[PDB]
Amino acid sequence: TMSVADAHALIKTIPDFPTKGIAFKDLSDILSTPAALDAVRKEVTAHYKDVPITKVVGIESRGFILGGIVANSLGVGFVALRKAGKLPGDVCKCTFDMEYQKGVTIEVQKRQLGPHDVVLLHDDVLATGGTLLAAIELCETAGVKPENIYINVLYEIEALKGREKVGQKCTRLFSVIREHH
């Protein structure tokens, strides 16, 4: 059976992608390898076994794959947070900046979150933390209480100190894998 470390070994670092100067972390092989995906999924689910999560909020398409898997594994519903224009109906919005794109607008359907929810935010990679900080804000504007937000990321690039950045709004941050030094 593969371990989280084995999953880690499947990650590829692609230079100058999408734009030059950006070291892209390709997590694709963890997702296409069942034993590696199970290892990472189990790590997340065990971690929140005693946390009364009511919804998993996947941050953009990048967080949909494992986000959905975790939601179904925990037995809670999944809610998508997407760039503006993709979600229909009443929505809450917020504008932010991420590692290789500045001026993005995220949205969430108003009806999917509120005061009663305990949210597990999920993102594939934690870089500058701009996307996550914006995501916490959105959840809170929708009515989720600050103390009821937890964060999970598959891969953390500690060098960019995104953790401290996000720590201004949420300090319950669990990363499955951290970039090797």
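A residue's number is simply how far along the shown sequence it sits, counting from 1.
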property: Mean C-alpha B-factor comparison - 129-137 and 52-60, higher one; result: 129-137
property: Higher-scoring stretch by recorded Cα B factor average, 171-179 or 1-9; result: 171-179
property: Lowest, middle or highest third - CA B-factor, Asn72; result: lowest
property: Among modelled residues of the same chain, the CA temperature factor third for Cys92; result: highest
property: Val108 by Cα B-factor - lowest, middle or highest third of the modelled chain; result: middle
property: Record-listed C-alpha B factor of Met98: chain third; result: highest
property: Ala84 CA temperature factor, ranked by third within the chain; result: highest
